[PDB]
Amino acid sequence: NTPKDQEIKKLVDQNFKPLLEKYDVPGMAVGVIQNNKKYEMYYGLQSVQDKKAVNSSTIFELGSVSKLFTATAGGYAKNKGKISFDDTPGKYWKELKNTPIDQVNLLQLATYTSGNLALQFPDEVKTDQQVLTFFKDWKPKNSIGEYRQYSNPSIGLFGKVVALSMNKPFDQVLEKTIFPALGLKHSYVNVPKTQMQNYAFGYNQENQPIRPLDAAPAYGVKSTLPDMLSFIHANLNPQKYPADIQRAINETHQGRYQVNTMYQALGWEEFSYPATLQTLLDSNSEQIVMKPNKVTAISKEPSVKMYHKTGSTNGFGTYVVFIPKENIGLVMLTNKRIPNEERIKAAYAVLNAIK
């Protein structure tokens, strides 16, 4: 008939390639992993002016997909006994002791239920001093633990606490501990000089090339398609890893509460599988992403589940999704933002069509 690598290439061509013309995207990397086999598709240019093709070495910004690595770092520290998720941040950032934010526990920060943390840090919050002062000045609003409000500050504080508990700067926790444990050799918080030639330009909505530190746990990671597929492989096969990181990965798969059809895990969003397309689109709706929503306890603990996460920066888009019981996952990286719904729909059509 037709070899499987060609079949998957055709499906990615049918569902992802048209997005390049439709949204004027310079470069894209799409990868599928199925039964521990990797399929990689590279399109377009990492740098338009340099005529450098997207390839297996191309480095992209992950945006909020970076939180998946922060979540994994948190599970690692927890299962190593460096933190408990019932701890409060002042136990580790002592300057926050005796402040309102010291009533919020680590799980609540990691899953956005402090009750009064906005999507972004204020533009004027730049230094670690202004970050500290931002959190000491924080005051509650809604009951802590009651409302989900997607928040970069919230998981940014989580990651700072994780770094403090491991006695290392957060960038070192990832580059010296978590990335090596996961077998990722081309993933970075800070892209070294020797790799700038592989660092894609991001492109804004005029197709112009473009490119605080405590915000790095929320959106500071860069990576390649091979590394992101290895990361998806790790999430599909935690048992293939040492106990410390195996337990860390599993920690990130544990649903913590629900908002309608969405289960909030650590970093990952989780869904009963099979999931309808609308369930997946709802997780990225304005209601869920931009507004507070009352959370509810998990009632149906789904036996068969899937996970995904979108992420964006000014010049980059990312989508990652995996389905443990089908042993399948997909990564999309672009050096131009495209609508999140397009990423989800295209991935849903590929994954459902794959034999």
Side-chain angles (χ1 to χ4, degrees), residues 5-9 11-20 22-34 38-50 52-66 68-69 179 184 186-192 194-211 219-233 309-321 329-340 342-347 349-351:
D5 59 349
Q6 277 186 60
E7 282 174 348
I8 296 178
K9 163 72 167 154
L11 284 168
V12 173
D13 280 355
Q14 286 165 329
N15 290 287
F16 281 92
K17 196 178 188 194
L19 297 179
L20 298 144
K22 187 189 179 160
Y23 294 102
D24 206 347
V25 178
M28 171 183 285
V30 181
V32 174
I33 181 145
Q34 198 207 39
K38 285 177 205 161
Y39 306 82
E40 297 165 25
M41 294 93 154
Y42 303 104
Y43 304 89
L45 303 173
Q46 92 168 42
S47 167
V48 175
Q49 57 198 86
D50 296 314
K52 169 94 219 72
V54 176
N55 68 90
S56 68
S57 294
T58 301
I59 299 161
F60 298 80
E61 295 177 6
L62 304 180
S64 284
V65 167
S66 305
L68 304 180
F69 294 107
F179 296 160
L184 313 184
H186 303 280
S187 295
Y188 309 95
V189 174
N190 299 289
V191 180
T194 50
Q195 290 287 326
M196 292 312 300
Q197 74 273 10
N198 291 320
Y199 195 171
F201 273 124
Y203 290 84
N204 69 12
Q205 302 292 305
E206 300 60 64
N207 282 63
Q208 298 169 332
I210 61 194
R211 259 231 301 282
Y219 50 69
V221 179
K222 297 89 182 167
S223 191
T224 69
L225 181 71
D227 270 20
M228 278 327 276
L229 283 172
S230 294
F231 181 55
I232 287 324
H233 174 256
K309 191 71 193 83
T310 58
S312 310
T313 68
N314 302 333
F316 288 87
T318 309
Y319 181 63
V320 295
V321 57
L330 181 148
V331 177
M332 196 210 75
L333 314 170
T334 59
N335 62 355
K336 181 174 182 193
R337 263 193 326 101
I338 67 170
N340 285 146
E342 298 277 24
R343 313 178 197 177
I344 293 165
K345 295 166 128 83
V350 171
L351 287 183

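Counting from 1, the numbers follow the sequence of the chain as shown. Just so it is clear, the values below take in all heavy atoms, side chains as well, and ignore hydrogens, waters and symmetry mates.
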To the nearest 0.5 Å, how far apart are CD in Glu342 and OG1 in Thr334?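 The CD atom of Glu342 sits 11.5 Å away from the OG1 atom of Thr334.
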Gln46 side chain near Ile59 side chain, heavy-atom distance below 4.5 Å: no
If you look at every heavy atom in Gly317 and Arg343, which pair is closest and at what distance?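 Shortest heavy-atom separation between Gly317 and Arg343 comes out as CA-NH1, 3.7 Å.
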Can you see which heavy atom on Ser64 is nearest to which on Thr310, and at what distance? CB-O, 4.0 Å
Where do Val321 and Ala347 come nearest, in terms of heavy atoms and distance?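 So the minimum-distance heavy-atom pair works out to CG1-CB, 4.3 Å.
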Just do the side-chain contact (heavy atoms from CB on, under 4.5 Å) check on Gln195 and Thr224 with the steps written out, would you? CA-CA 11 Å; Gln195 290 287 326; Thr224 69; over 6 Å; no
Would you call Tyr43 and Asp13 a side-chain contact if the rule is heavy atoms closer than 4.5 Å?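 Yes, at least one pair of side-chain atoms sits under 4.5 Å.
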Output yes when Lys9 and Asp5 qualify as a salt bridge under the 4.0 Å nitrogen-oxygen rule, no when they do not. no
Distance in Å, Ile33 CD1 paired with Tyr39 OH, rounded so as to fall on 0.5 Å steps: 9.5 Å
With rounding to the nearest 0.5 angstrom, report the CG to CZ distance, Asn335 to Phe201.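 Reported value, rounded in 0.5 Å steps: 10.5 Å.
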The criterion is side-chain hydrogen bond (donor to acceptor under 3.5 Å, both in side chains); which residues satisfy it with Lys309, sequence neighbours excluded?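 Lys309 satisfies side-chain hydrogen bond (donor to acceptor under 3.5 Å, both in side chains) with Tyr150 once adjacent residues are dropped.
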Using the six-membered ring wherever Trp is involved, compare the ring planes of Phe316 and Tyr199 and label them parallel, tilted or perpendicular (cut-offs 30° and 60°). tilted
Under the side-chain hydrogen bond (donor to acceptor under 3.5 Å, both in side chains) test, residues paired with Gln205 that sit two or more places apart: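 side-chain hydrogen bond (donor to acceptor under 3.5 Å, both in side chains) list for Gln205, sorted by chain: empty.
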Mind listing the closest non-hydrogen atom pair of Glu40 and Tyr42 along with its distance? OE1-OH, 2.6 Å
For the side chain of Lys222 and the backbone of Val189, is there at least one donor-acceptor N/O pair under 3.5 Å apart? yes
Give a yes or no on this: more than 12 heavy atoms of other residues, nucleotides or ligands lie within 6.0 Å of atom CG of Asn207.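 Counting neighbours around CG of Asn207, more than 12 heavy atoms of other residues, nucleotides or ligands fall under 6.0 Å, so yes.
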Check whether any side-chain heavy atom of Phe69 sits under 4.5 Å from a side-chain heavy atom of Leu184, and report yes or no.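 When only atoms from C-beta onward are counted, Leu184 and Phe69 do touch, with a gap below 4.5 Å.
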Heavy-atom closest pair, residues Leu225 and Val30: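 For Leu225 versus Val30, the nearest heavy atoms are CD2-O, 3.5 Å.
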Can you find a heavy atom in the side chain of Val54 that is under 4.5 Å from one in the side chain of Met28?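 A side-chain contact is absent here, since even the closest heavy-atom pair is not under 4.5 Å.
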Rounded distance (nearest 0.5 Å) linking atom OG of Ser56 with atom CG of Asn198: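 Between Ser56 OG and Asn198 CG, I get 9.0 Å after rounding to 0.5 Å.
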For the student: nearest non-hydrogen atoms of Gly31 and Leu229, plus distance: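 The pair with the smallest heavy-atom distance is C-CD2, 3.7 Å.
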Drop me the distance from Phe179's CZ to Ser230's OG, to the nearest 0.5 angstrom.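 OG of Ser230 is found 12.5 Å from CZ of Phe179.
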Please answer whether the main-chain N or O of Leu20 pairs with a side-chain N or O of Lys22 as donor and acceptor at a distance below 3.5 Å. no
Determine whether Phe16 and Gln14 make a side-chain contact, defined as any pair of heavy atoms from C-beta on separated by less than 4.5 Å. no
Approximate separation, where rounding is to 0.5 Å, of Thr58 OG1 and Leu45 CG: 9.5 Å
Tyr203 side-chain N/O to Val48 backbone N/O, donor-acceptor pair under 3.5 Å: yes
May I ask you to test the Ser223-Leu333 pair for a side-chain heavy-atom distance under 4.5 Å? no
Using side-chain heavy atoms (C-beta onward) and a distance below 4.5 Å, is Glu61 in contact with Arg211? yes
Can you check whether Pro26 reaches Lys336 side chain to side chain, under 4.5 Å on heavy atoms? yes
